[PDB]
Amino acid sequence: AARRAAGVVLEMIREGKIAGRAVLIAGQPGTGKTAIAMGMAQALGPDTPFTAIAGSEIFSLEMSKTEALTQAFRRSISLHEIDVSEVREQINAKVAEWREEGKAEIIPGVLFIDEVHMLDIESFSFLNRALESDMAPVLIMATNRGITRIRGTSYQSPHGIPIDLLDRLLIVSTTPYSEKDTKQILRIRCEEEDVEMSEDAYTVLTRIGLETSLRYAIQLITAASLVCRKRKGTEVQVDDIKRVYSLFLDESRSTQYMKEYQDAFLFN
Amino acid sequence: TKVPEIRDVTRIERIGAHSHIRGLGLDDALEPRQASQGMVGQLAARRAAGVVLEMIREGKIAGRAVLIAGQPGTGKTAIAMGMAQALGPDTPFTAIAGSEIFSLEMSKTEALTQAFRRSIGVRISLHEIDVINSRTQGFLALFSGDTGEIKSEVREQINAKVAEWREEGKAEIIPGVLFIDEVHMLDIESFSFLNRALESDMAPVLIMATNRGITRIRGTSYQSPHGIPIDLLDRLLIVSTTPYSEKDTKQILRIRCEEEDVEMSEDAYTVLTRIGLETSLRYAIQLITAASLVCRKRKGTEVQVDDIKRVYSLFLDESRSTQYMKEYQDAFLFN
Amino acid sequence: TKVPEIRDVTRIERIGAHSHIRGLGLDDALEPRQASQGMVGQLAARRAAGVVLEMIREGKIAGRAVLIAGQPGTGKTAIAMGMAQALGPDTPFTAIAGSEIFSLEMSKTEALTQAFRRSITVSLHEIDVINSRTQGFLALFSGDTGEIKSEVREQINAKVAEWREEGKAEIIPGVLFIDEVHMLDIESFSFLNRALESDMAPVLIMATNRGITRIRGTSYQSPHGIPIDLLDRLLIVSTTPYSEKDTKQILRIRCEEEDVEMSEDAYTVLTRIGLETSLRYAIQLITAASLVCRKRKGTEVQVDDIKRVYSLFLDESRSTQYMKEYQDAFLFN
Amino acid sequence: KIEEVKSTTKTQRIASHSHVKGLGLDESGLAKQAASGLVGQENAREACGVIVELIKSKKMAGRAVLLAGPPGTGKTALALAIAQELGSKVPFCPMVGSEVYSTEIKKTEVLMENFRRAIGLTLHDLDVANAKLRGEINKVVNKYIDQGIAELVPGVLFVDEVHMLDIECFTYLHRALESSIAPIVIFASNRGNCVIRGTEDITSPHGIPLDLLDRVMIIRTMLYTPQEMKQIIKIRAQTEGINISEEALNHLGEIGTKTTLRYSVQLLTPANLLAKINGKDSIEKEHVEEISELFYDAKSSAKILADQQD
Amino acid sequence: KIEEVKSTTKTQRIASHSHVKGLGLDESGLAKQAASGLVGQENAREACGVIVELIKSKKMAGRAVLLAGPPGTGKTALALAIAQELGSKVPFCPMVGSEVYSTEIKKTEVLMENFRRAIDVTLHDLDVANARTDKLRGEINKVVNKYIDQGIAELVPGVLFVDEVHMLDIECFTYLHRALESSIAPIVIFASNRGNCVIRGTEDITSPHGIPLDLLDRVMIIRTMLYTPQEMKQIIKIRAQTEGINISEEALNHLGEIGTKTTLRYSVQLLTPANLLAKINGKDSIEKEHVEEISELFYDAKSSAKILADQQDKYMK
Amino acid sequence: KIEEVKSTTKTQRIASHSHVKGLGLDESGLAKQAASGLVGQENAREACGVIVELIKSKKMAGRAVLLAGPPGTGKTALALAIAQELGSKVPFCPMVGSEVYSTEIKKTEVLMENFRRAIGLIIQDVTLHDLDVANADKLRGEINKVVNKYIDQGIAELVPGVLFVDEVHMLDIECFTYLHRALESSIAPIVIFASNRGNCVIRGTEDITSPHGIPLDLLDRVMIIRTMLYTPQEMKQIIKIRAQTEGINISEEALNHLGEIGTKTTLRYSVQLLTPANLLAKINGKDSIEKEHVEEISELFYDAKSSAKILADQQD
Ligand SMILES: Nc1ncnc2c1ncn2[C@@H]1O[C@H](COP(=O)(O)OP(=O)(O)O)[C@@H](O)[C@H]1O
Ligand SMILES: Nc1ncnc2c1ncn2[C@@H]1O[C@H](COP(=O)(O)OP(=O)(O)O)[C@@H](O)[C@H]1O
Ligand SMILES: Nc1ncnc2c1ncn2[C@@H]1O[C@H](COP(=O)(O)OP(=O)(O)O)[C@@H](O)[C@H]1O
Ligand SMILES: Nc1ncnc2c1ncn2[C@@H]1O[C@H](COP(=O)(O)OP(=O)(O)O)[C@@H](O)[C@H]1O
Ligand SMILES: Nc1ncnc2c1ncn2[C@@H]1O[C@H](COP(=O)(O)OP(=O)(O)O)[C@@H](O)[C@H]1O
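Residues numbered from 1 in each chain as written, not as in the entry; some residues may be left out. Chains lettered and ligands numbered in written order. Heavy atoms only, no water. Residues with missing side-chain atoms left out of burial classes, pairs and counts.

(A) Representation of the interface of chain A and chain E in the model. In this assembly, 24 residues from chain A lie in contact with 34 residues from chain E. For the pair chain A and chain E, the summed buried area comes to about 3,000 Å², and 63% of that belongs to carbon and sulfur atoms. Of all residues in chain A, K230, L247 and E251 of chain A bury the most surface against chain E, accounting for 22% of the area lost on that side. The salt bridge involving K230 of chain A is made with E53 of chain E; its shortest N-O contact spans 3.8 Å. The interface formed by chain A and chain E includes five residue pairs in polar contact. Within the residue set of the side of chain A that touches chain E, elements represented by two or more residues are α12 (215-231) and α14 (251-265) of chain A. Of the residues belonging to the side of chain A that touches chain E, the class tally is 11 nonpolar, seven polar and six charged. (Contact = heavy atoms within 4.5 Å. Buried area = accessible area lost by both parts, 1.4 Å probe. Salt bridge = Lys/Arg side-chain N within 4 Å of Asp/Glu carboxyl O. Polar contact = N/O pair within 3.5 Å; in protein donor to acceptor, adjacent residues only side chain to side chain. Helix = DSSP H or I, 4+ residues; strand = E, 2+ residues; numbered from the N terminus. Nonpolar A, V, L, I, M, F, W, Y, C, P; charged D, E, K, R; others polar.)

Put into structure tokens, the structure is as follows:
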């Protein structure tokens, strides 16, 4: 019910009763998570600016962590583009009646931050004080991990989030995909990407997708076209399907292959 | 230059309970009589303390220090004030716990310096001489919100101004006593400060308190007695008290009724005595106050066993909340 | 400009036990002959020690350094000092320990870059004794220390790079001796990769006595507490313990180097003692027995005037055992 | 100075609390069963009324109140209650002992700004009428209290999750507790033997130092029963104007037994809207059985998050 | 501004890989056993034969390539290889991971100069002449962009060789991505020799080779084997004559069997001393009277600890 | 220009050792049983004697003396005892190993304050620290310019002292290399360490075990002297001697009872029980002590090791 549980809180936010809470979209990492998160801004009204930032996009060196929580909140409105240090000290005072004036209306933002369990206790703090505003928007989160030690303390918490805030938001999990659900995804992303494939090639493309990854299959759709271009065949047959598999793997295979390599080296 | 008469600025909550002792209760030959001067029992701890009072008076106390190690709840801080009252009518006395040095409003050494300023006595103490000439205060809790800066050069300035009034003849200087409760909280960065303060002439005498035996020293990676380095474990005088008896209980419990003017029947004095040695003495005396104003609600001002066996059930003890919350979270682990 | 009067401020006593080292002692066909200028035994390293020295003259050493591994008592210093003489009659030999970077009078940069200049007539670090500021006063100005900046270096670097073609000024490679390498952490090693990129970076000899440990600074183990990327550009030479006869020539050198005479019975019992605890331990007892006969004025020590010193002055090893024996008497009730 | 600063409140934390308006006692000192929203807590509410009188008889001198109860057992409840019987419009501000880990405000400053949120006539409002400035509004209230035109009244301070405060803030909290003006503070935990942050080596009850424990008083709230639980949400639906079915109260109480209460009570406003999907009026059963599998808690999510992560 | 800066490249990092001339590829999309510098390891070379197609059709959008293998499977070899097939002096900077912990500088400045080392005219060398710093960055970024909009000198993105990756920290993984998702970004190809460990700077969060999923889906995975005693002799034989050392067939086959004791690099760095041994024995080639001599006088990596641990256990009781 | 800053020498630690006169041997370089205040330990005293004759013989370039020994045998006592055979009243600055962890003072700035209490100067003698308090970087700089002329003038003279540092195992890795660099400049004072532990990890590196908490490169420039535990057939004398300084008459069986304490716990606990024991005789109206007092005190005050056992068994 990735689109059916999504419409539930989608009516409250334009009813006007999300105040004090926001969205967290957890799940497997990258399950169309940002994709359905962006689609909520597509499911929202006429001008809904979106952002997809990281849990560890705060740990920066040009900008400080406090700077990392001043900009994207202003981007997820936008007052950032009207801004682009203390440059906010004027325009926040100036537009205090420009919104009532009536040139361009104002909207909140559709802030999504990827993998919020990459945060710490000092940065969850500023989420509360920033969400006190009336222009403070609806926010969206992500994680894949439950009972996790919080960065900054000797105390764990599920979801990486302070336990009071875990009951001060709303919780989404994206449903994983099955054999037909992979079969529609790569098919849609075959005619989107328009390189001739025989009908059996879409079928076994799910067979590695259920084992290894999901963008691993779309990784080969440009390369195996060129080894098909190497024979000038103009359709990637079952050969290049079962050729580059030996050349291109995923890491949990490969790091295991060093793992079945390392032990006998430390044994004999 | 306008403070000889702003003499005493202290807390009335710290000296608000323990007023029921004036002295230690001793004869001329260092024996007590088991009920005198407020101090009640464990007489061996009492009669050794007079030697510390004797050694102060003779001029050979210098460098030595006092430490009391007993169970938490047997009148550790109680013994120290009797030393003050048996040292004259006005000897200063400052109660400082272990964690009081970890200020964020000031550094780790100015508070311990300001600890030492309270224990230097002069009549017409040195610490209040600093606080008027430094800043202007005397307000409600609005100034308890913020702070001020206590200028260091003022302290040497009065240390240059005490070079006027000491040897002149107006002012005599009397050494007080400083008091450190729960000594196992202080890091080794301040133990050297205690080493580098006792050697002065007008340096006060120090009494420390604890409930810890062998432990890892705060600051280093070494297991030691009392959380104290070895070199400063040995210049000390160390006394130990037992847990209290039951004849000792009602002995104090009688004296701790007239302080809070409560008039108690002979049923509570049974059960408060047995409950007093079950959780803590400190949890018992805390219960006397609240049960009294339930008695006025039930109209008749003589506390019988009904209020006490309600307020013990209303207000739990910390020794079973650490059971009850633990027994809850035991049931939390079971899936 | 005003600094050619900087001839030497040499170390004489800290390198003062290693007086009797005057070369590697080789053949022209690079063969050991076991008794020349002090080196007794240890041919296995010393035969290999002649090899790198030949690679130094051919310029085949850039991107390669020497690591010596050995126990306490098998010549980490002598073979290092032995390469100094045959490489040149006057070369800088600088024998700091790894702990010397852990000073509080400077950061870990200023300790090592100054030590790095120390092995480049005169040394490049010796120029910084006057041409930065004036120090070298009476003994109380060892107790305090000021800071030289980076500004003095490029002014000093500007003369000698352009006095290089003058003919009066010259540059010569020294050798940097880093004792106890695993004390250092990877905050310092990455500085050393930029150090040996230069043209006039001297040759590098480092010392260790450990096997597998962790790198300090991070949480991964390696050989020696050095990461692989420096290990794979090394020449790796280990040594062997001396035997009893090997020491029997060795201890004859220093008593000859300090004009005392010991008995032939007393000789072999002394190397019994050195083979009991430590090779370094046998050294300190000698002059410590020299004063002992000087009260009775017998001008040659005997064996009874040795054990009196040995009954008094303990070693490092039984100094641990007797402390654990009293510590046995504490924790056992 | 300018004394029209009428509403400065973080209204959202107390937004689910605007139904509670009385403890519900007799005059003689017992507890009613269900009056003004307070249900149950029969050995708990008399603890409130006792501290009511020790506030009023000027005898809360140097002591403290600790609430110990598992999450869902009404720790936030009785703290709001006490400010409702010491007259209305007494300041009441909830804080969490993790909030002091600000990036740019010192742990001195974030407390004193929230202390002065708790004393009214507030003190927090008079420093945001205009903008240290705190020293400039030292004299403004000084002339009023010696004019007798505006009174001085203590309030109540509420700290949650309080194991996440170190050794440091306690000694700011302990001394600043000890004026003759300072508002009384309610502690709230769910910890057993804990390790105090800032030392990692001193352990004690409730994650609280051994200094400030003996002068703290200890009150337990217990768990609930569903017939207690079912009247809570029945109180809630009337306060929001949302009609509801009988078996809805039967069904929703079971998740109160299952997880906790705060997970249960948030679910109405979407299930109200889930009824408005079909345009009906009552919250029939199919809306009630639909949500807890779609949306999660923190408890059953981290079970199915980490297990399906494997 | 001053375009005559001829030599700024650390030649010793590219000294031991001079002998590569190509990948040795087919127009059939295959490779050969010995061609233009490489020997063996064909699908590893042919995976580069895949990426040279998408580097010339510009299909590496946001993408890069890791290399995975034990030490000595040619990880530096394929690294310096690809700059040749990209054509006409592609700039190259090998960068190890742990070159970033220096007290003179913060960690991010070591990286951007390598970013300015990566992409005739390079970006690091413009900043060395002009000084006699981040203030200098846009004034040189403007002018050659003005020159390329005038059409002065071409600017082709090069190859970055990020070596020794498992000791890299967190804040650079975040830092690297921001210029990576441009079109002016160069290729940043990895090498690794350490398995399942914690990302440095998280201290608890493990990852395959300590790199986050942030990067693990944008980077392409390739796996290598180890060399057989047949194949690795041609590696030695080619480097023996580019180092110009006459060698018999006889002693060489005693040299190679050390290459299955330790790494291949321990085999090759003893070539220069063992040759200069024989110039004291007075010959011009090397025979078996030298390979028995060197490997008992210059020790390896792993036995160096293994010797000292095996006797320290009895010395300190 | 001041040559009277004589208010020096904090004394309260060393005030408990007034009885010691030096080392006191024969011309044959052997020990007497009780001489120049010192009593017993005939083993290690010639080890002082051989070392102290190396001092004037100037053989001690870059050397030091360790004193490995249990707590409470007189490792302070012998350390003072060689500072009277340097003669002409040389300075002597003991300290504590944990005196370097202070709050406002940098860790280097105490050792300068330590070393300048060891560098001594109609001839009167002061320390270099005394001429530092006479004027209170260049604040401690321009006091070189006073003194470097004077030995060149030929009136005052530099003499070395004894920087006896006790309980070295608290010290971290930094002060060693500042010591070691400053151990051997030209006329730096004789450095003597003492401690009581075995394998102690150096503070700050957490993996290198080492004997006595010392980095291993330094220790092999240092000579190691030990001191055993005492026997009660002579251990009676030292407390009797110390009490003979303070005029305290005591019975003998009480001192024979007092000898049990020095066997059960430290000698440092043992000499403590005189002045808070003799003062009780004045209350009972006696000048000399009898067996009741040393009985009565022994249950009144407890030692640190007694404080360890009784507290934990009554804790649980
Ligand atoms: N012998 C005694 N005489 C008088 N009061 C005593 C005696 N023993 C204990 N008390 C009382 O017990 C209480 C505990 O004192 P204190 O030392 O502050 O606490 P704790 O015993 O927890 O250390 C004090 O009120 C003190 O008056
Ligand atoms: N082969 C040798 N030739 C000459 N002296 C030696 C030899 N081996 C040891 N020594 C002497 O033993 C002492 C050891 O010095 P050093 O090399 O620093 O210690 P280690 O032997 O532990 O490496 C030195 O005084 C040195 O003169
Ligand atoms: N005893 C109670 N009676 C009625 N409603 C309550 C009670 N306790 C809490 N509530 C309501 O349920 C919600 C949960 O609050 P509470 O249980 O006090 O905090 P917690 O769940 O953290 O213990 C609050 O909004 C409160 O309004
Ligand atoms: N196929 C090959 N062609 C040419 N040289 C090779 C080949 N494989 C390995 N080498 C050589 O072996 C050495 C291995 O270097 P490097 O890649 O650092 O080892 P690793 O693969 O362990 O990282 C290089 O000098 C390289 O020239
Ligand atoms: N041989 C001795 N001669 C004189 N006094 C001694 C002797 N041995 C011990 N003492 C005295 O006993 C005490 C023990 O000192 P020491 O052994 O250094 O341990 P600590 O430093 O812990 O007190 C000192 O006060 C010293 O005066």
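(B) Structural detail: the site of ligand 4. Residues and elements named next belong to chain E. Around ligand 4, the structure places 18 residues, and the nearest of them are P71, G72, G74, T76 and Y227. Here an oxygen atom of ligand 4 and a backbone polar atom of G74 are 2.5 Å apart. In the environment of ligand 4, an oxygen atom lies 3.0 Å from a nitrogen or oxygen atom belonging to the side chain of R265. For ligand 4, whose free accessible area comes to 560 Å², the fraction covered by protein is 95%. Counting residues per element, the ones that place at least two in the shell around ligand 4 are β2 (38-39), α2 (75-86) and α10 (264-268). Looking at the shell around ligand 4 element by element, the count peaks at three residues for α2. For the shell around ligand 4, the residue count by class is eight nonpolar, eight polar and two charged. Structurally, the shell around ligand 4 is a two-domain feature, drawing no fewer than three residues from each of domain 1 (8-117 + 130-226) and domain 2 (227-310). (Near = heavy atom within 4 Å. Areas by Shrake-Rupley, 256 points an atom, 1.4 Å probe, with all protein chains shown as cover. Domains from an automatic or database assignment.)

(C) Spatial organisation of the nonpolar core. Grouped together as the largest cluster of nonpolar side chains are 50 residues, with contacts concentrated most on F313 of chain C together with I51 and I192 of chain F. Ignoring anything within four residues of it in the chain, the contact list for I192 of chain F reads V65, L67, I82, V162, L163, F164 and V165 of chain F. (Core = buried A, V, L, I, M, F, W, Y, C linked by side-chain atoms within 4.5 Å. Buried < 20%, exposed > 50% of the residue type's maximum accessible area, 1.4 Å probe, protein only.)

(D) Region of the structure containing the pattern of salt bridges. By the definition in use, this model includes 58 salt bridges over all chains. The partner of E258 of chain C in a salt bridge is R254 of chain C, with the nearest N and O atoms 3.6 Å apart. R254 of chain C gets classed as buried once you look at its relative accessible area, which sits at 17%. Linking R296 of chain C and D305 of chain C is a salt bridge whose minimum nitrogen-to-oxygen distance equals 3.4 Å. Looking at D305 of chain C, the relative accessible area reads 14%, which means it is buried. Members of the salt-bridge network, linked through shared partners, are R189, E192 and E193 of chain A.

(E) Spotlight on the site of ligand 3. Residue and element names in this part refer to chain D. Close to ligand 3 lie 13 residues, the nearest being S16, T76, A77, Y224 and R262. Within the side chain of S16, an N or O atom sits 2.3 Å from an oxygen atom of ligand 3. When isolated, ligand 3 has an accessible area of 540 Å², and the protein chains bury 94% of it. The leading source of residues in the shell around ligand 3 is helix α2 (residues 75-85), at three residues. Its residues placed into classes, the shell around ligand 3 shows three nonpolar, eight polar and two charged.

(F) Structural context of the domain arrangement of chain F. Residues and elements named next belong to chain F. As assigned here, chain F comprises domain 1 (8-117 + 135-229) and domain 2 (230-313). When each unit is reduced to the centre of its C-alpha atoms, the spacing between domain 1 and domain 2 is 30 Å. Facing 14 residues of domain 1, the contacting portion of domain 2 comprises nine residues. Across the interface of domain 1 and domain 2, roughly 940 Å² is buried in total on both sides, 53% from carbon and sulfur atoms. On the domain 1 side of the contact with domain 2, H19, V39 and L229 bury the most area, a combined 44% of that side's loss. Applying the counting criterion to the domain 1 and domain 2 interface returns zero salt bridges. Across the contact surface, domain 1 and domain 2 share four residue pairs in polar contact.

(G) Quick peek at the packing of aromatic side chains. A full pass over the atoms with the stated rule returns 11 aromatic pairs over all chains. Summarising the aromatic geometry, the rings of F73 of chain A and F126 of chain A are spaced 6.2 Å apart at their centres and angled 10 degrees between planes, so their arrangement reads as stacked. Taking the relative accessible area as the measure of exposure, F73 of chain A reaches 16% and is therefore buried. For the cation-ring pair, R187 of chain A lies above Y202 of chain A, with the distance from its terminal atom to the ring centre recorded as 4.6 Å. The ring of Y324 of chain B has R220 of chain D sitting right over it, with the charged end atom 3.6 Å from the ring centre. (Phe/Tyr/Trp six-rings, centres within 6.5 Å; stacked < 30°, edge-to-face > 60°. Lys NZ or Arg CZ within 6 Å of the ring centre and 35° of its normal.)

(H) Focus on the sheet that holds strand β6 (residues 205-210) of chain B. Residues and elements named next belong to chain B. One open sheet accounts for five strands, arranged β2-β5-β6-β1-β9; its pairing is parallel. The open sheet is flanked by β2 (93-96) and β9 (236-239), the only strands paired with a single partner. Each adjacent strand pair in this sheet contributes to an overall mean axis angle of 20 degrees, direction not counted. Across four bridges, the pairing between strand β1 (residues 65-69) and β9 is parallel. Residue pairing for β9: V66 is matched across the bridge by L237. (Pairing = 2+ DSSP bridges. Axes fitted to C-alpha atoms, helices over the stretch in contact; angles between N-to-C directions.)

(I) Quick peek at the pairing of strand β7 (residues 162-166) of chain F. Residue and element names in this part refer to chain F. Extensive coverage of β7 is indicated by the burial of five of its five residues. Neither face of β7 is exposed, since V162, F164 and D166 on one face and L163 and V165 on the opposite face are all buried. Sheet analysis places strand β4 (residues 95-96) next to β7, joined by two bridges and oriented parallel. Paired with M95 across the two strands is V165, which belongs to β7. When β7 meets strand β8 (residues 190-194), the two strands line up parallel, connected through five bridges. Residue pairing for β8: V165 is matched across the bridge by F193. The parallel pair β7 and β8 is bridged by helix α6 (residues 174-182), and the resulting crossover is right-handed. (Right-handed = clockwise from strand over helix to strand, strands pointing away.)

(J) Summary view of the UniProt feature "binding site: ATP" in chain F. Per the UniProt entry, the sites bearing "binding site: ATP" are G69, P70, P71, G72, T73, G74, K75 and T76 of chain F in this numbering. Checked against the element boundaries, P70 of chain F lands in the loop between β3 (64-68) and α2 (75-81). Overall, the relative accessible area of 9% leaves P70 of chain F in the buried class. Residue contacts for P70 of chain F: discarding those within four places in its chain leaves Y326 of chain C together with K75, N196, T227 and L229 of chain F. As for its placement among the helices and strands, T73 of chain F is situated in the loop between β3 and α2. Under the relative-accessibility criterion, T73 of chain F is labelled buried at 3%. The residues contacting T73 of chain F, other than those within four sequence positions of it, are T227, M228, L229 and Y230 of chain F. (UniProt positions renumbered as here; feature names shortened; annotations may be inferred.)

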